[PDB]
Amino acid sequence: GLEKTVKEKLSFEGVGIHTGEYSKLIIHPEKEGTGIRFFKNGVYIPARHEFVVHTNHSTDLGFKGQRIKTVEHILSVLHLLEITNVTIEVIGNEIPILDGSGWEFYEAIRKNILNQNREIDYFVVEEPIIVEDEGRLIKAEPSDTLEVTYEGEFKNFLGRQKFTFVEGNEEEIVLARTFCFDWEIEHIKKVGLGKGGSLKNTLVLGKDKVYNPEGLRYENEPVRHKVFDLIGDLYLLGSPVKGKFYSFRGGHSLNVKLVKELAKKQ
């Protein structure tokens, strides 16, 4: 595939799910070999694992005293579309959550793709690797195409479910929204997070219920979302990725752990 940028500057704005503050994004075109980077208060923050500063409830980056929260969704959409050269200017402290999915970013960026004059240098998984953390596991192995499976095991009605993304099925995961359980709200608010959360940008699930009046988009919308998150975190390898991945109960922390182990090995 050829390296790609955007045809023109694209803008997005809205509340950050964790800060509860308004922020604005400006996606700038960039030349071949630039890579994906964020820009905030005069500092460039590359979208790479060396710049990850926090992973508990979002994937956050920082450099030289400047931090940006919740990069997982914009990075997943850029990865899915193979956008390789772009500057994401952030006026604020977090990426806007919008409806909690990648839909708005995906629809706008997909209509503005500009192919460039280089073949993409893919990050190619060369051998099998397994990373683990207290009941959670992620396996990666060689593959000519990006294939990502997430298997969840939930304490509520969702039970045990899995979903697999393969290239060409981007539309199956870009609408899946972020979610949380009603029993998690206390903790998230207590640690100074979830300030912008509402039923308009997060699915809220209970032991037997879906609080959002619209309900779920898909019966397995939560696992489709976890696949979407893993594809965003994999872009921290700094190039579009080719490999077959299987995550059992993974989250941003384990995804970043896998990315760092893959980067170290290769």
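Residue positions are given as counts along the sequence shown, with the first one as 1.
For the two regions 37-45 and 66-74, the entry's Cα B-factors average higher over 37-45. Checked against the record, the higher mean CA B factor of 131-139 and 175-183 lies with 131-139. Among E221, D233, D60, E214, the highest C-alpha B-factor in the deposited entry belongs to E214. Annotation for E82: C-alpha temperature factor in the middle third relative to the rest of the modelled chain, per the entry. Ranked by C-alpha B-factor against the other modelled residues of its chain, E50 falls in the middle third. Compared with the other modelled residues of the chain, the Cα B-factor recorded for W103 ranks in the highest third. Residue-level temperature factors show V210 in the highest third of its chain, judged at the C-alpha atom. In the PDB entry, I26 places in the highest third of its chain by CA B-factor.
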